[PDB]
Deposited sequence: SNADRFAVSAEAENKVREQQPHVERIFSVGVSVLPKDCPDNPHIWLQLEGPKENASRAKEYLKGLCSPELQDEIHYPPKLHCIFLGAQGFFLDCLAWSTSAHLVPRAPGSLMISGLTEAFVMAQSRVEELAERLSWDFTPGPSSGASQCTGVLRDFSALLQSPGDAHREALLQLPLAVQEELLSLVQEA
């Protein structure tokens, strides 16, 4: 009950995203050798804790047949969230939602996955973008503590984010 099947013609996408799934979800993903090369499907095998494997499966299924797909737009000063801190906040959003998330030109993020994974990631980005225009404790203190990666080119843009955005990012990282 550890293995699940996806369409055989998605093997490319799976093999390309393998390192990125293993890194974000701390699992091992293996493409089992298929029993007949004309099979319409291939079997994938996941290794690791139960929670990770479950989220990694949602991610892999959403990668192989996305039910929803769209580019989400937002003010470019938010873009540093998705590139900064060596991808940490993007990684947490992928772990939180199992959506496939790909930054584009500053101001834009490609979101795809299963229906609920997509909707959950899109709603979260809209909340962060919404909080850009709010007006407001040691939130700056706890937020700075997340920025522990060396040589972060985006460290300045992150720290000039409004407190409302920083606090919401703290909520994201400090979740299930």
Review point. So which bits of the deposited chain never got modelled?
Key: 1-2, 139-149
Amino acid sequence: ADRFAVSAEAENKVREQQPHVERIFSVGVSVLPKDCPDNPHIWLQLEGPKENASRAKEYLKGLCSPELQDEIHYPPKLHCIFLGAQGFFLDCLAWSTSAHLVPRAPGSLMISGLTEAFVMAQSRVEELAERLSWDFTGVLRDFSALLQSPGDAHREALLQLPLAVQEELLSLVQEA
From here on, numbers count along this sequence of modelled residues.
Check your understanding: Comparing 1-9 with 165-173, which stretch shows the greater average C-alpha B-factor in the deposited entry?
Key -> 1-9
Review point. Where do the C-alpha atoms have the higher mean temperature factor in this entry, in 42-50 or in 29-37?
Key: 29-37
Exercise for review: Tell me, please, which of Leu140, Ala56, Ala117, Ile111 has the highest C-alpha B factor according to the deposited entry?
Suggested key: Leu140
Revision key, fill the gap. For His20, the third of its chain by CA B-factor is the lowest
Check your understanding: So where's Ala105 on the chain's Cα temperature factor ranking, which third?
Key -> highest
Exercise for review: Taking the chain's C-alpha temperature factors as the reference, tell me which third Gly62 falls into: lowest, middle or highest.
Suggested key: middle
